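[1] Here come the first chain(s), positioned as in the complex:
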Amino acid sequence: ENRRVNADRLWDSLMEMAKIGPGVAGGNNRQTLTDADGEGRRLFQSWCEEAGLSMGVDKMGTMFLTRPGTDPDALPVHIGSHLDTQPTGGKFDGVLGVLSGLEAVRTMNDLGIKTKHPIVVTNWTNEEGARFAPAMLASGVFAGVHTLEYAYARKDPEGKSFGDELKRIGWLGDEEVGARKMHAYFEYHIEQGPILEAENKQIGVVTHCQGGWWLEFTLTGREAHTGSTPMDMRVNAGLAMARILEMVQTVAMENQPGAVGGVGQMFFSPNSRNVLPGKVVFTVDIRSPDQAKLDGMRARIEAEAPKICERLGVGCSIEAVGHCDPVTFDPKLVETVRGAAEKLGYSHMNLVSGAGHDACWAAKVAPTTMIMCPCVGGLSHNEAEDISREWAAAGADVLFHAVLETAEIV
């Protein structure tokens, strides 16, 4: 209640990691299994070892940095997030949670605090799902949602497989994925939504996570000349994609509040200015806090889209390339978080997470919750993503205390 993390030390570690794999506007382009990700993992590794943590790496490249407890038989409390970013990443999505875990350890060392349960700072591979789909791939293997082989065979847009890239940057570890058992899992993360800033609250007590689908459409047209083909003879997969995006906007807007839909990825083949496309590939991202509502939006998109296509002579094929159902966080750990906020005198409210997180898969296999701090305009997945020294430190303080309650001081 007096005991606080070092704000300047946390902040300084965030500005140092921001320099690894810079974007073009003061954010980060440090995507999974690139060289810059390798550099980021090594920097994090070295900081952690100077803090007395010992490293284990699983076959999905997930890094576990351990601070032993006083009971050698006791299961660990993990503090988790990701160091991998979007191509237009901010400095804080993922990174905040991992380096807050480090700061909590450093503070314990500064105060010579021992715990019953070990504490394990965790960096999951390919949270973002920008380079290889799905998102939360490593934590999904951990929870048994995906096989190792399935994960290894994911390809980026240049055709490189996840497995090979992991091996290339040198982070294929020896531990079986998901062989570690957790006593509890905590994730500190920026909100990525406008609510905490708009309501003037310092801490978000995360109760639930909204679920989502990634539906990948492959539409088949007929390559043909854009100048000499009569309109009544075109098989236009581009127009079909256009009508499908409009229909997604309608489904989302007919399902307010608590529903989003949209598309961020799109490919045309062969992508010539005077050739109607033979393939159009894109991903629809739909999400709701409410399972039945999410099921209903999916069924509907999947029924209406083939009819848009059939009206145009266009072939339509859909694959789920990502899926997380809504999650309810562990009520006991939710109280610990609220309690830590109150003990510390920090304004707080409950919150549903808008994004998915590795925490959502962690909750399959262990008591789990999350903590959020505010971010400016709820902007995230943009280089302009912004938090203050003061916001970051507040939530880290809450993380510190929640973890100590759960790991048990001696």
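    Thanks, I have it. Numbering: from 1, shown residues only, chains lettered A, B, ... in the order given.
[2] tell me the SS of the spatially closest residue to residue A:284 that is not a sequence neighbour?
    The spatially closest residue to residue A:284, leaving aside those adjacent along the chain, is residue A:215, at 4.6 Å (C-beta to C-beta, 6 or more residues apart in numbering). Where you see a C-beta, it was placed from the backbone N, CA and C, and this is true even at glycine. What DSSP: H, G, I helix; E, B strand; the rest coil gives for residue A:215 is strand.
[3] right, and residue A:215 touches residue A:297 too?
    No: look at residue A:215 against residue A:297 with C-beta atoms under 8 Å: they stay out of range, at 10.2 Å.
[4] residues shared between the contacts of those two?
    Taking C-beta atoms under 8 Å, 6 or more residues apart in numbering as the contact rule, residue A:215 and residue A:297 both touch residue A:286.
[5] Can you show me the helices along the stretch 151-300 of chain A?
    For the stretch 151-300 of chain A, applying DSSP state H, counting those that start in this stretch gives helices covering A:162-169, A:195-198, A:237-253, A:291-311.
[6] what's stretch A:35-54 in contact with?
    Contacts of stretch A:35-54 (C-beta under 8 Å, 6+ apart): A:13, A:16-17, A:20-21, A:29-31, A:55, A:63, A:65-67, A:83-84, A:98-99, A:102, A:105-106, A:109, A:121, A:123, A:169-171.
[7] Buried residues of it, list them for me.
    Residues of stretch A:35-54 classed as buried: A:36-41, A:43-45, A:47-48, A:51, A:53 (neighbour count, 16 or more other C-beta atoms under 10 Å).
[8] Looking at these, which are in helices?
    With helices taken from DSSP state H, the overlap with the buried residues of stretch A:35-54 comprises A:36, A:37, A:38, A:39, A:40, A:41, A:43, A:44, A:45, A:47, A:48.
[9] throw chain B on there as well:
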Amino acid sequence: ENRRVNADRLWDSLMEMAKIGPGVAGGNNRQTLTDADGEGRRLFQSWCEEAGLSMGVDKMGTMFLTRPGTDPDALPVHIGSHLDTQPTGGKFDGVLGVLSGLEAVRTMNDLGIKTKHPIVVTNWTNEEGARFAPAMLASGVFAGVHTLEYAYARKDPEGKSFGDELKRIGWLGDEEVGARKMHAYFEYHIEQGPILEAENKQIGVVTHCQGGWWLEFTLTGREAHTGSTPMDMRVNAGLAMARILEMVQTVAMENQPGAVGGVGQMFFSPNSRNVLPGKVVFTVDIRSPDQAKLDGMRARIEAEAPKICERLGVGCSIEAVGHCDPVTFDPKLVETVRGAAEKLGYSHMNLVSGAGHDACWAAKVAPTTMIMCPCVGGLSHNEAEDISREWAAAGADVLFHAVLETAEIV
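    Below, chain B sits with the chains from the block before:
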């Protein structure tokens, strides 16, 4: 009337060139200024020199192969097309006209025919405008529509410039672009439309070319998280693009008959599945045989599209990256072509060309017309583009006789 070209020799030259830069389905991917194009140009060069033609090359890489006439004062009759293809090219778009020119020369040699006017077989650089926009770039320089510098600075999607690529494959010539004066220019080309096949006509007597615009849209959104951004806070340039494609389909359909509108090329940035795009870039291709109608479709697309975008918070920027006005071919050469068809006993009808061609720029600077043969289902810019030995030869015969009438036998 007895004198016909060698159908097996023409056809065999088409099947030989088809083996250079193969596609993935028995067409061709032999785009401008690739190594495959270098190889195609060299094969054509060697066939022409075996036929006693002498070569000049301009600074745009256009190849002029000359057969002398007996009048020292007389300007040449050119036979023109292109050997460069789309990524999903057929074996016949462009190639038919260039190798028919060669076949006509070989037949003149076989019959020992001399002409008053010299004959110049012409292969123009970057007709297709698939790799570098605009289309008909070299012939455009020739007719004075584009500067040499502007042409050299065109970039492909990987950032290579036209100028450098021309130099690399070894086709930068020494002649000033457009220094040659032509007496007349003829282009034999497949129809790329269904009409000749459907009407059971062997020869298309081309009277006009429909004109067109390439309008390149750059839409500006805000990169944002596709799960955690509320719908009322998204600036969705993808949805804006979707509504613009639908508006184009409406403008085209409301301008029937004689209007086409469509999109073959599209880029999203940064093209991650969970990041709404910051940039969406695409090209709208609009065409009409009627100038006022084409003008009107452009004004309308250019007025309605910024309003679609402004309603979504999206910034809108439009640049013309290609333009040819409707062309009326030289009526005297049109009669020569009709006459050759009649002399030979080939069924014929008039046609407006759906595509643009180098012929359209040639017509700025010399009497010009085109000859078409049928193609199956009017399918073109597709590897499955199809003509028969019999169709190809008939139109070449008409080319031969039209050119002889115009160049004048001795």
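[10] Chain B added, so what about the buried residues of stretch A:35-54 now?
    For stretch A:35-54, the neighbour count (16 or more other C-beta atoms under 10 Å in any protein chain shown) marks A:36-41, A:43-45, A:47-48, A:51, A:53 as buried.
[11] Columns distance to residue B:189 on top of the residues you listed, output as a markdown table?
    What follows is the buried residues of stretch A:35-54, written out as a markdown table (distance: C-beta to C-beta, whole Å):
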| residue | distance to residue B:189 |
| --- | --- |
| A:36 | 51 |
| A:37 | 52 |
| A:38 | 54 |
| A:39 | 55 |
| A:40 | 56 |
| A:41 | 58 |
| A:43 | 61 |
| A:44 | 62 |
| A:45 | 64 |
| A:47 | 67 |
| A:48 | 68 |
| A:51 | 73 |
| A:53 | 71 |
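[12] Please list which of those also come close to chain B.
    Among these, none lies close to chain B by the criterion of C-beta under 8 Å from any C-beta of the partner chain.
[13] Report whether the expected contact of residue A:101 with residue A:81 is present.
    Yes: between residue A:101 and residue A:81 there is a contact under C-beta under 8 Å: 7.5 Å.
[14] list residues touching both of the two?
    Here residue A:101 and residue A:81 share the contacting residues A:122, A:188, scored by C-beta atoms under 8 Å, 6 or more residues apart in numbering or on different chains.
[15] Pick out whichever of those two has more residues nearby.
    residue A:101 (31 against 27; other C-beta atoms under 10 Å in any protein chain shown).
[16] Show me which residues of the stretch 101-250 of chain A are close to chain B?
    A:128-130, A:133, A:135, A:157, A:191-194, A:210, A:212, A:214, A:222-231, A:233-234, A:236, A:238-239, A:241-243, A:245-246, A:249.
[17] For ChimeraX, write the select line for the buried members of the residues you listed.
    ChimeraX command restricting these to the buried ones, with burial defined by 16+ other C-beta under 10 Å:
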select /A:128,129,130,133,135,191,192,193,194,210,212,214,222,223,224,225,226,227,228,229,230,231,234,236,238,239,241,242,243,245,246,249
